[PDB]
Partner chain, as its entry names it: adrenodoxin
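For reference, the chain that follows is the form deposited without its partner chain, supplied as structure tokens.
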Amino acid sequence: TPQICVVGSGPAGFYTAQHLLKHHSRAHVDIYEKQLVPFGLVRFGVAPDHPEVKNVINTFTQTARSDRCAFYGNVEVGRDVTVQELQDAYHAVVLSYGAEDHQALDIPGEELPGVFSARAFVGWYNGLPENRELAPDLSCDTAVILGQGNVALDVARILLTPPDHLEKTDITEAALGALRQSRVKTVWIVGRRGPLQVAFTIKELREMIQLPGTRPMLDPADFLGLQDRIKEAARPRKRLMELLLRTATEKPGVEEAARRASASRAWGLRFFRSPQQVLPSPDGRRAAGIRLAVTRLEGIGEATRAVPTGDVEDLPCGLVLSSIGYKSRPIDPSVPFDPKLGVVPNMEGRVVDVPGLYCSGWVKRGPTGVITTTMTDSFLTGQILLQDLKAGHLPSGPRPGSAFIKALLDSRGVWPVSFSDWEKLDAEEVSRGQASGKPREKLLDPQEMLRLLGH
């Protein structure tokens, strides 16, 4: 009876667990999680208006209810239980704890109220306990997001969607309340490179273009000669560039021109601009603008770099959201860590110089992957682990698994949240969504959750 442990209950932990249970008929898998609830960024990252994306929770829930899987929420690995303790208790340990640190802008003015990481703003509207009191001031009329990826689009979309259109989503009642009173009518998504370097994907881009009550603001000048540089582009990429190109350059028909004219909100793309400094309001109490350095591109293809021209532009705004990069956090002394890449050094999932220690997901490969990428990558780790297990490369015979860890946790006063405990909270959240017509009404207060989890 192989004993395997997984650290983190996001997509990487769950898909690694699913692979192990599917391919090994006897292995037992325990999933440890620091939050009181499972699912990671599927719950706290994926937007409320993208419920379809969250459906992977149904297969995760089937794995968690299986006889050979157990969940241990409210257990912070590296604090409540050490990695060495897990290594001593299990035949293999898989680190799947994501990339929790958001990269700071590292620019003057970043401290001004009104400046936030995009992921923290997302955590706020998604009920992540640590961002519950983010209290973003939406009394300004314009928001600026730095970085042209899908997270940027999610924030822009949430800020500009007519609030009534979010009523039947699982967005928090607290954030929806704040959104109804928001004065934000304009959102700029700024990148230091050009149109060909955007990181957004087409579903999300089209959602933005077609968002009811809004109009797109694209400068045709930024797209000069694009059709020409995309003729040898990969299909998906070319399709995305053609959609941008049409939006920027095609004169709309009568009906669309009218719809755009009557739109009270707008969003746009700004290119070749790098964040230099956040400007304060006259009394220094809040952000009043962003000073950007004009850039120009050098290099060819993927090696293109933005270099400063010397010119600067001041763009007025009351909200500045940074949406560019994340790094893993060091978790424990027994685990090697690469501070530059912000990952646990590894070779195809095997942690460098640590027999029996593996990694999957963002902590394995960096934060570039989407859920599907995370899923296949976790299957790669799962294969290497199972082959190592089958080969007799991990400890022989007995390993106590949770029997040993629970004896430690019992003595430390740590009471883990089981999957059945989570089902209790899940049922409560879903029932609370019944009156308001939502999928659920997330509990935000950790203490109230502990009561509702049976603790």
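Numbering follows the first chain given and starts at 1. Definition used throughout: the rigid core is the maximal C-alpha set that superposes within 1.5 Å between two forms.
Unshown form solved in complex with its partner chain; subsequent notes refer to it.
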Can you pick the one in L408, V430, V53, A403 that has a heavy atom within 4.5 Å of its partner chain in the bound PDB entry? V53
Heavy atom within 4.5 Å of its partner chain in the bound PDB entry: which of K203, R229, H165, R260? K203
Exercise: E348 in contact with its partner chain in the bound PDB entry, heavy atom 4.5 Å: yes
Its partner chain contact at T373 in the bound PDB entry, heavy atom, 4.5 Å: yes
Would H24 count as touching its partner chain in the bound PDB entry under a 4.5 Å heavy atom rule? no
Is the gap between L245 and its partner chain in the bound PDB entry 4.5 Å or less for some heavy atom pair? no
All of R235, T368 and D377 with a heavy atom within 4.5 Å of its partner chain in the bound PDB entry: yes
Looking at heavy atoms inside 4.5 Å, which stretch does its partner chain contact in the bound PDB entry, given the options 82 to 90, 221 to 229, 69 to 77, 360 to 368? 360 to 368
Shifting its Cα by 2 Å or more between the shown form and the other one with the rigid core aligned, the only one of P220, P336, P162, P308 is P308
Relative to the superposed rigid core, does the CA atom of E298 travel 2 Å or more between the shown form and the other one? yes
Between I300 and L105, do the C-alpha atoms lie closer or farther in the bound PDB entry than in the shown form, with a difference of 3 angstroms or more? closer
